[PDB]
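Participant: following this: a sequence and the matching experimental structure.
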Amino acid sequence: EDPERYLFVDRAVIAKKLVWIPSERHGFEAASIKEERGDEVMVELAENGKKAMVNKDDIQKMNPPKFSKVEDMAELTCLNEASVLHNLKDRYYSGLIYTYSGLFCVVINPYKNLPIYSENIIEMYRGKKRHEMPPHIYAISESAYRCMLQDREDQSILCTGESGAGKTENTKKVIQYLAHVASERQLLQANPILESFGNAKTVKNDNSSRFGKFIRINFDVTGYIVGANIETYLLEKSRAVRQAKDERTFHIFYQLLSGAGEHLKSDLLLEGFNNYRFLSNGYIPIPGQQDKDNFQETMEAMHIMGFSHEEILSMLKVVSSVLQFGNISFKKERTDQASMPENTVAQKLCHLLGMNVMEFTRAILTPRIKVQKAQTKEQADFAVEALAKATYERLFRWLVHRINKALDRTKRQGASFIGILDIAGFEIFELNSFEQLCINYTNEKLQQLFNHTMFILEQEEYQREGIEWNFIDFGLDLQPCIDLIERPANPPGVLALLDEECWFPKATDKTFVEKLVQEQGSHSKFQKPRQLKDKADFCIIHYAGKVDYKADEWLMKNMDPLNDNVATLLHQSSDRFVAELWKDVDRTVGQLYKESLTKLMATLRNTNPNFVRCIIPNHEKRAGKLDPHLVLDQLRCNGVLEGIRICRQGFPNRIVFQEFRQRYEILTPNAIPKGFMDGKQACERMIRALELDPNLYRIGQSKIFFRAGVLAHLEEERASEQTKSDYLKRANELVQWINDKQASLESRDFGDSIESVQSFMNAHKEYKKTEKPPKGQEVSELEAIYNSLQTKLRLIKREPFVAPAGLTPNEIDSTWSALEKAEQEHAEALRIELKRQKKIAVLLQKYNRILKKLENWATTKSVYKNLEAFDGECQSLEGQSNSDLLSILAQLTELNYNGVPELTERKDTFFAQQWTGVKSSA
């Protein structure tokens, strides 16, 4: 079993002309086409056997059995979401969780422990190409490491998926490989720490990364690891001050409040869950997980990392202070200014932090802008929110850098790195607020990075094969969608327009939509809802598809005004921890997100990207079950189907000369010689013989490039020709055998003796009981095959096959029935010749008896009035014997004896012998 069935397809665990159709049921099912009516098709299903209606644009072709469970899905002759779903599903139920789709590496979580990832297997993937071994996460790691040394440039591995997809587990395997090849454990201890401060419960997921995680493994010039460091991108700080319904802020908040001791609550000035404004929907629990115990788990996790008690407690103060920000109450009364009638709050805030309570009160209400600017009620709450968002973000970046200090660097060694990007995939909800626009905007550029990468990797592949073909950059397809979101003015995009509407207080979410539609309604990737008044305000076309955005509270969520008076107070804060966070002082949310993404893209574009796709088979977290719709939705989000969309335009199927020859040679039997080889021209002869259209193929240096659907045709022509060639072979060998045996059965020469005759009698009876039956019921098999051939032949939409020289089943048994009547004619003529041979035997026996009886008489009478007495005895015995000898010879002639003169002459010779006997007496 182990580990042989979890990798190789042949080692794994266990012709109706069908096509894929849309379904709910299973993701896709099979159906027989039959009748077509107008522009629509009417089909009928296979495994169930029920009938249903679909369109003709909804029909996706199915791959031949040859392409079942491919390791690389670029090898598929039929490229569509249905085939992609099938192949992945077929491999998953077979125990294979790894599959390559184009450049992508697709890993579906088994939710089991597979006996892979051992030192033997790691050493077995070393120095090998990707196709030389079955799909595995190690090959992608191997691909990165081998390219880093040879291609001299840094590497990056982009992992897409969720937190419960084992994306952390998959990242461990990547590091596991790179560690064994180049010769730590604490890097796995950093994960639960960041998980606390960086993850939160969403609607779809109880644990979701709100930040990008970039793990940089540094290698020296010799290829050995000198250390590692973590970088974080696109942290969501808006989740701290507010959350969507049923959604929670970061875990650490709920862990602290529930898990802290009595002394901790008094020192951190902690309150109830319903007492904090920045906590939406009060206290939300999580199934299977409890925040109280996770708090202690989080503490010790930081202890192992080497965090001192003072450092940890300092972080817990900041977390507490972030929540305390919201509890500050500003009020409004009838001149325009902010007011804080409640002094009990902001005392806690200034105590938790290092700020002077009097300086702060003056600063937050009336900031000093480089002199003494006034702020309103609306400005104050926003300024407070931003301070909480900024402080928590600075807390996070500090936690990262603090972890990086706890990572061992055993060599100074200015080095090169291989990055691992862990980021939340494309998010599509039934609502899709501002946070969803941001995570889609960054994933848009990420998928663009793939398209450009595939564009570069393939165009250098065509050159290596010496094939000249020109295609536009596939990355340019996402460019209009990106410019729709990101551009300052052409005319200003969704982000740029949102920044402008936040500048004016009287603007609303409604005026933002109206201006967005007005500014660009012309954009191809911009669309509006169908009719009436839809929930969502507008829609944007992505690579994943069309998503519906609602602009509610977008102006509120985009506000990130920074108070420069309060920021300076936090920089000058008496608390050394707080002072360090705010040490570096320099503004809309979307502006910072665009800024932070540009920083991430800059680093990735300077490296060589690799892509791993983690898929969740089911929501039930159980093994052996795969939800097809869940997988399909993910395939649209991660860009796997987008990768499929690109290769179809080109020549996706690439087959080497020899394996193309071996497979399809039966289609062109006499085209190819008896194997004078050279192997390239053998394929050029096959294509010429097949008369294959020149637009459907390209001949490279080592390989032949094929369009999608071409191999599907050739594979189908093979199946028909295979059974046809096998039939015409065994048919001729059967027919000729009959013709050769029947010709032998009509042979009338049985031999010259009686022993020879029964020799054929024993051979003929042993023929019917031995040789005939296998040849006899082979006729019944060939007729069954001919019928089976005629059936599968007309399922291909073709014409029936005509067998030449009477090889048809009805002409076979006709020759067989003619053969069986010729056996008795051979057998009956055998017993006739048998009696004849017996009648010759007795006649020849008497002939020899008479002749050799006179022999001794002639001899013993040669010893000699008694003379003429013995002389009379001579002529009487002579006449009597001669008359009897003549009687025997006469009976032999009518029996057609062929030794007649042989006996007759020998008789006449004895007449000379008897003549000597009569002469001797005289």
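Facilitator: Structure's in. What do you need? Numbering: from 1, shown residues only.
Participant: how close does residue 110 get to residue 104?
Facilitator: Applying Cβ to Cβ, to the nearest Å, one obtains 18 Å for the distance of residue 110 from residue 104. Using the backbone N, CA and C atoms, a C-beta is placed for each residue, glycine as well.
Participant: what's the answer for residue 183, then?
Facilitator: 30 Å.
Participant: which one's more surrounded, these two?
Facilitator: Legend: neighbour count by other Cβ atoms under 10 Å for residue 183 and residue 104, higher for residue 104 (27 against 6).
Participant: do I have it right that that one meets residue 643?
Facilitator: Yes - here residue 104 lies in contact with residue 643, judged by Cβ atoms under 8 Å, at a distance of 5.8 Å.
Participant: and for these two, which residues touch both?
Facilitator: residue 450 (Cβ atoms under 8 Å, 6 or more residues apart in numbering).
Participant: just give the nearest non-adjacent residue to residue 633, would you?
Facilitator: residue 428 (7.6 Å; Cβ to Cβ, 6 or more residues apart in numbering).
Participant: need the contact list for the nearest residue to residue 541 once chain neighbours are set aside.
Facilitator: Take residue 541 and drop its neighbours on the chain: the residue closest to it by Cβ to Cβ, 6+ apart is residue 525, 4.2 Å away. By Cβ under 8 Å, 6+ apart, residue 525 lies in contact with 480-481, 484, 540-542.
Participant: give me the buried subset of the residues you listed.
Facilitator: Neighbour-count burial (16 or more other Cβ atoms under 10 Å) applied to the contacts of residue 525 gives 481, 484, 540-542.
Participant: now, the most widely separated pair of these?
Facilitator: Greatest spacing in the buried ones among the contacts of residue 525, by Cβ to Cβ: 484 and 542 (9.9 Å).
Participant: domain assignment for this structure?
Facilitator: Following automatic domain parsing, one finds the domains of the chain at 434-549, 653-708, 728-833, 840-921.
Participant: winner for burial among the ones you listed?
Facilitator: domain 434-549 (a mean of 17; mean count of other Cβ atoms under 10 Å).
Participant: quick one: end-to-end distance for that one.
Facilitator: 8 Å (Cα to Cα, to the nearest Å).
Participant: ok, the residue positioned nearest the centre of the chain - contacts?
Facilitator: Closest to where the C-alpha atoms of the chain average out (Cα atoms, centre = their mean) is residue 99, at 3.9 Å. Shown here is residue 99, whose contacts under the criterion Cβ under 8 Å, 6+ apart are 70-71, 73, 87-88, 91, 105-108, 135.
Participant: if we use 6 Å, what do you get?
Facilitator: 88, 91, 106, 135 (Cβ atoms under 6 Å, 6 or more residues apart in numbering).
Participant: so which strand or helix has it?
Facilitator: strand 98-101 (DSSP states H and E).
Participant: distance from the chain centre to that strand, please.
Facilitator: 4 Å (Cα atoms, centre = their mean, to the nearest Å).
Participant: right, and the helix or strand after it?
Facilitator: With DSSP H and E, the next secondary element past strand 98-101 is strand 104-108.
Participant: what's that next one packed up against?
Facilitator: Contacts defined by 3 or more Cβ pairs under 6 Å, 6 or more residues apart in numbering; DSSP states H and E place strand 104-108 against strand 608-615.
Participant: the strand it packs on - contacts with which helices or strands?
Facilitator: strand 104-108, helix 137-150, strand 155-161, helix 628-638.
Participant: would you tell me which of the ones you listed gets closest to residue 876?
Facilitator: helix 137-150 (114.8 Å).
Participant: ok, residue 415 to residue 145 distance?
Facilitator: 14 Å.
Participant: with residue 399 instead?
Facilitator: From residue 399 to residue 145 the distance is 29 Å (Cβ to Cβ).
Participant: the two: who's more crowded?
Facilitator: Remark: of residue 399 and residue 145, residue 399 carries more neighbours, 24 against 20, as counted by other Cβ under 10 Å.
Participant: contacting residues for the more buried one?
Facilitator: Residues near residue 399 by Cβ under 6 Å, 6+ apart: residue 197.
Participant: that one: what secondary structure?
Facilitator: Using DSSP: H, G, I helix; E, B strand; the rest coil, the three-state assignment for residue 399 comes out as helix.
Participant: residue 368: what secondary structure?
Facilitator: Classification of residue 368 using three-state DSSP returns coil.
Participant: excluding chain neighbours, what is closest to it?
Facilitator: Excluding its sequence neighbours, the residue lying closest to residue 368 (Cβ to Cβ, 6+ apart) is residue 565, at 4.7 Å.
Participant: helix or strand: which one has the one you found?
Facilitator: helix 564-571.
Participant: show me the contact partners of that helix.
Facilitator: 355, 359, 363-364, 367-368, 578, 582, 585.
Participant: output the helices and strands packed on strand 608-615 in JSON lines; the columns should cover distance to residue 500.
Facilitator: Formatted as JSON lines, the helices and strands packed on strand 608-615 follow (distance: least, Cβ to Cβ, whole Å):
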{"stretch": "strand 104-108", "distance to residue 500": "39"}
{"stretch": "helix 137-150", "distance to residue 500": "43"}
{"stretch": "strand 155-161", "distance to residue 500": "33"}
{"stretch": "helix 628-638", "distance to residue 500": "31"}
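Participant: who wins for proximity to residue 240 among the ones you listed?
Facilitator: Nearest of these to residue 240, taken as Cβ to Cβ: strand 155-161 at 24.4 Å.
Participant: for that closest one, which strands pair with it and how are they oriented?
Facilitator: strand 416-424 (parallel), strand 608-615 (parallel) (DSSP bridges).
Participant: next, format these as TSV and append mean neighbour count.
Facilitator: As requested, the strands paired with strand 155-161 are exported to TSV (neighbours: other Cβ atoms under 10 Å):
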stretch	mean neighbour count
strand 416-424	23
strand 608-615	24
